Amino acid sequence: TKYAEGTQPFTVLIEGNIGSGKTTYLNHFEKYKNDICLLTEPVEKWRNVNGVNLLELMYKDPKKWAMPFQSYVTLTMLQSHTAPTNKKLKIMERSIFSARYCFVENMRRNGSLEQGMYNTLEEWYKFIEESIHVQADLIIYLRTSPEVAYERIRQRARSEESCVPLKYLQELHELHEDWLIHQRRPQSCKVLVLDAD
């Protein structure tokens, strides 16, 4: 018996690469706010943790800050996944899944998370599977080419992201592909693929 078990409605997760337009997509559901629990733009949380901008720290110094950043992401996802609601539908930008299967895996591959950090995160992930209910009935996948995602990143010009190369978006694209198209992860619910190009 996990925390939040039996307390959650049908849940949609909006996934896709950086700059795939997840927030822009979720904005369309604004009029329906009375019947949908909408939990959007988690990134504003990660830029302001009682004043501290973890996102900024992460990109500057990933070998020191990537583990607390991803730890804090994991938490905010958990807080959203388990938030109470009397509404019959919940829709969320991202999830604990993209953190684990995409961004944490990529940061291990590129070396920003050393084994000890990766290990600590994965052991947390495993304990979270045992202890906390994560409701997920549909994933909407906003699929893009790495190049379109990079354009939207350059256009948006978030300062924290000023040094993000195309290769990093290519790496992240393949991981989203591995999970959402090629069924290479143990999760595990329905997926609707949308062309966001």
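All residue numbers refer to positions in the sequence shown, first residue = 1. C-alpha atoms forming the largest set that superposes within 1.5 Å between two forms make up the rigid core.
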Greater Cα displacement in 7 other deposited structures of this protein once the core is superposed, comparing 49-57 with 141-149: 49-57
Is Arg185 a gap in at least one third of the other compared entries? yes
Give the stretch, out of 80-88 and 96-104, with the larger mean C-alpha temperature factor in the deposited entry. 80-88
Regarding 29-37 and 58-66, which shows the higher C-alpha temperature factor on average in the entry? 29-37
For the chain shown, is the CA B-factor of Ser71 in the lowest, middle or highest third of its modelled residues? lowest
Against its chain's modelled residues, does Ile181's Cα B factor rank lowest, middle or highest third? highest
Pull the Cα B-factor of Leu13 out of the PDB entry and bin it into the chain's lowest, middle or highest third. lowest
Quick tally, chain-level thirds of C-alpha B-factors: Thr23 sits in the lowest
Position of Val49 among the chain's modelled residues by C-alpha B-factor, lowest, middle or highest third: lowest
